[PDB]
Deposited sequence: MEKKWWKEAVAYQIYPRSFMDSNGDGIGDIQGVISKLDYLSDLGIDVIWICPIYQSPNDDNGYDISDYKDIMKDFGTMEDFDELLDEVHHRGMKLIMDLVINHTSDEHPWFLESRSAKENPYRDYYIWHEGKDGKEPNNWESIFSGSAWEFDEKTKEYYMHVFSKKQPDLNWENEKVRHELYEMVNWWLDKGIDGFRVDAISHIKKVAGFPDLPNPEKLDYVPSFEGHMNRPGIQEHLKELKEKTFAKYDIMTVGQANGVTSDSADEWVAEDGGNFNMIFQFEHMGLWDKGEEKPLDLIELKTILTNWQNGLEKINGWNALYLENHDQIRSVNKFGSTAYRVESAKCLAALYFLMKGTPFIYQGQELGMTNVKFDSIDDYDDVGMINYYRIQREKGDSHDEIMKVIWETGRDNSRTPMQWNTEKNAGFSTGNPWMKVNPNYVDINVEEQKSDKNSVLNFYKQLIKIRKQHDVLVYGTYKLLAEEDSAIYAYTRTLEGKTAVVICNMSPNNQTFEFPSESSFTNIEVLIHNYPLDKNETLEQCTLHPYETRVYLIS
């Protein structure tokens, strides 16, 4: 329940704060900005992976689960971070990455060392077929999901990069070692986990070929490994052996789960996590189809209420483009950022803020493929260019869909590198840091930052915004997303003009008292309650008694 009332903040540590001038974010950098997060009103910090890693996938390829990434600092730095976070009245959850390890993990170095060795079946090995890979599966990062090992003459599976071999969850020995490691972290007193790629741990037995109607080189392979039957056996055991033993929060990153099939994932009784990140609203690739967005988020609001589950609320993370670009408007950047904030943050659930979201940071456009880092898009570029795609065609995909958009340095001020670093940043800063930064926004009472500050405050001050029941209003309005939160004798009315235009809207009224809790436009003198005249991306929240 503390995790129900919590507001969470996600840190991408490589890009949060550099404290020693090598252009790479680090743990002492995070410590140095804890005031910012405490003052914002954050309850829980989720930090992206900080473990020993070759960084083929920036921390998600782990070579030692119990050692800190050299770029980021030492275990002593981590211990200091956790101690400072806890003394500041905040909690910290770690990123648990146990679908796969680095290919430089000791387990894998042993596993690949000989066809027969005790660690061989810690990973997923198969001999080729017809002088090719064991099957036609594509990696999520493009190319084959199998990599050949010359020494042992067999392929190993990798859903993600070539340097992220999948762990074999059918091996009891693997599972036991993973559980020990998880509990080792929980014994230090961290407050839980965000659980990475967790819907991918069950593979269809025998790894059969997938249908290939378009005759591709490799077939997108989600139907072979994403949320496959049999996965719950593993996740139930994971919960029993680790999470259930501690008072923590878990949020699983669970692609391939829909609102009608979320029962085993998040139900109050028997669910294997407290909440999950679901992906259904994050794949609407214009004028945004607002009503489709209403349908999806409402499905999840209603769906989880029915089974006493809990939603994880979010519009941004390190895997997505910026939400002003995705869901709002660069033509109305500050207004749409606040509209989007009120929209997603005040539904029933635990809201997450991704670093820079609270500033209205936006997508970047670098001209050189060398300026980017994302292993997924670097692979895409190589593969598609060979196929004939032009540089422009490919950069359009990277600019418009690439997750590097969310990994540019956090924009603290207008000093060199937006104050992220004294050196040369691992990833270039967005030039718009001269306009978009924490320092500027702290001083402006109508900043995006201070709007998030207010959102956090009203949610904490009014129980209806935490536990109140959601109901969608005005479903058929293609511009206005409106909904209520109802708890006993209090009703909150959230009104979001999700369009770049002025709109009229009839107040969806029966109250003894009405109060405006938040608004991103000045209130108009002569405007009547009944007849809303909303500016582009105007949002208002009313509290009704």
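**Q** Where does the model skip over parts of the deposited sequence?
**A** Model skips 1 to 3, 289 to 293, 518 to 519 of the deposited chain.
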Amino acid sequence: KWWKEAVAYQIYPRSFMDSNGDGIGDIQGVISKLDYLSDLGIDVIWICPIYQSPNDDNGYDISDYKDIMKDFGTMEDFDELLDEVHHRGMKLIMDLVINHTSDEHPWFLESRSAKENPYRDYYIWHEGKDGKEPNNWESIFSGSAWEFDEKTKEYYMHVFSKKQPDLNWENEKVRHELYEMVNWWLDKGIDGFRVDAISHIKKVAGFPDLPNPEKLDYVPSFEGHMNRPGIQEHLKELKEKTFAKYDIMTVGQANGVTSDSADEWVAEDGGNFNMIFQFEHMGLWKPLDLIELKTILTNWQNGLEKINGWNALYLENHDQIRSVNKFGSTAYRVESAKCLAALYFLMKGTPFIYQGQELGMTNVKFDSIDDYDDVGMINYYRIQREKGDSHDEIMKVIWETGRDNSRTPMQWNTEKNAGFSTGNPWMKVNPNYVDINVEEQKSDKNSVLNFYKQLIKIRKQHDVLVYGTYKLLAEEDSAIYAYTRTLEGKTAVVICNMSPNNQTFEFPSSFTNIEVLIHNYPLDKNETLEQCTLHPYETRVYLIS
From here on, numbers count along this sequence of modelled residues.
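**Q** Looking at the entry, does 58 to 66 or 486 to 494 show the higher mean C-alpha B-factor?
**A** Mean B over CA atoms: larger for 486 to 494.
**Q** Select between 248 to 256 and 392 to 400 the stretch whose C-alpha atoms have the higher average B-factor in the entry.
**A** The stretch with the larger mean CA B-factor is 392 to 400.
**Q** Maximum C-alpha temperature factor per the entry, among 329, 278, 152, 168, belongs to which one?
**A** When the deposited C-alpha B-factors of 329, 278, 152, 168 are compared, 152 is largest.
**Q** Of the choices 185, 354, 380, 123, which one's C-alpha carries the largest B-factor in the record?
**A** That would be 380, according to the entry.
**Q** By the record's CA B-factor, is residue 79 among the lowest, middle or highest third of residues in the chain?
**A** Answer is middle: the recorded C-alpha B-factor places it there.
**Q** Quick one: classify residue 522 as lowest, middle or highest third of the chain based on its Cα B-factor.
**A** It belongs to the highest third of the chain when residues are ordered by C-alpha B-factor.
**Q** Split the chain's modelled residues into thirds by Cα B-factor; is residue 30 in the lowest, middle or highest one?
**A** Within its chain, residue 30 is a lowest-third residue by C-alpha B-factor, going by the deposited values.
**Q** Just say lowest, middle or highest third for the CA B-factor of residue 192 relative to the other modelled residues in its chain.
**A** Its C-alpha B-factor, which the entry lists for residue 192, ranks in the lowest third among residues of this chain.
**Q** Select lowest, middle or highest to describe the third in which the CA B-factor of residue 512 falls within its chain in this entry.
**A** Answer is highest: the recorded C-alpha B-factor places it there.
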